[PDB]
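Undergrad:
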Amino acid sequence: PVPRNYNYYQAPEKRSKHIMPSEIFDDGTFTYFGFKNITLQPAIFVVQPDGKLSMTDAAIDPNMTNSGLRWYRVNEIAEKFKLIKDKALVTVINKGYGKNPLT
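Okay, so the sequence shown: first residue is 1 according to the deposited numbering, each after it adds one.
#1: Would you mind working out which of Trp-71, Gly-51, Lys-52, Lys-17 sits nearest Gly-34, comparing C-alpha positions?
#2: Can you have a look at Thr-103 and say buried or exposed, based on whether 16 or more other CB atoms are within 10 angstroms of its CB?
#3: Can you tell me the Cβ-Cβ gap for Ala-88 and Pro-42, rounded? I've got them flagged as a contact below 8 Å.
#4: Which residues in the same chain have their Cβ closer than 6 Å to the Cβ of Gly-96, if we skip the five residues on either side of it in sequence?
#5: Quick one: complete beta strand (DSSP E) runs, 3+ long, within the segment 53–91?
#6: If you follow the beta strand (DSSP E) that residue 105 is in, where does it begin and where does it stop?
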């Protein structure tokens with residue numbers, strides 16, 4: 001068992017609701033993005049300090065069934081993610097970044 005940082009929020013662009021996760025948390029090593037079965041799967045990118053984007057090391061975790069969602073494990077902790085599928089964009093903010101997962 002590892003205390004989780006659940007302190008994330010999403011900021012969808014227009015015509016972007018169809019790619020939004022329902023649950024996002026990190027355990028200090030990995031960031032987990034849970035999507036409803038009905039949601040289309042975006043790519044997940046991280047914002048770098050330069051303002052530029054990077055790919056992540058992301059993949060479906062078949063084992064995880066939490067909340068009836070489709071879960072992706074990202075092998076990184078970051079302050080900002082961009083979820084992209086064609087013109088659809090959701091910015092994810094880790095408000096708990098640099099903080100301990102006690103609170």
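For each residue, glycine too, the CB sits at the ideal point set by N, CA and C.
TA: Judging by the given coordinates:
#1: The residue you call residue 34 lines up with position 34 of the sequence shown. The residue with the shortest Cα to Cα distance from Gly-34 is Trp-71.
#2: Here residue 103 is taken as the residue at index 103 of the sequence shown, counted from 1. Exposed: under 16 other Cβ atoms inside 10 Å.
#3: What you label residue 88 is simply residue 88 of the sequence shown in a count that begins at 1. What you label residue 42 is simply residue 42 of the sequence shown in a count that begins at 1. Their Cβ separation, rounded to whole angstroms, is 7 Å, which keeps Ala-88 and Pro-42 in contact under 8 Å.
#4: Within the sequence shown, numbered from 1, the residue matching residue 96 stands at position 96. Result list for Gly-96: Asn-5, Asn-7, in chain order.
#5: 53–55, 58–60, 70–74, 80–85
#6: In the structure as shown, the chain starts at 1 and stops at 103, and residue 105 therefore has no counterpart that could be examined.
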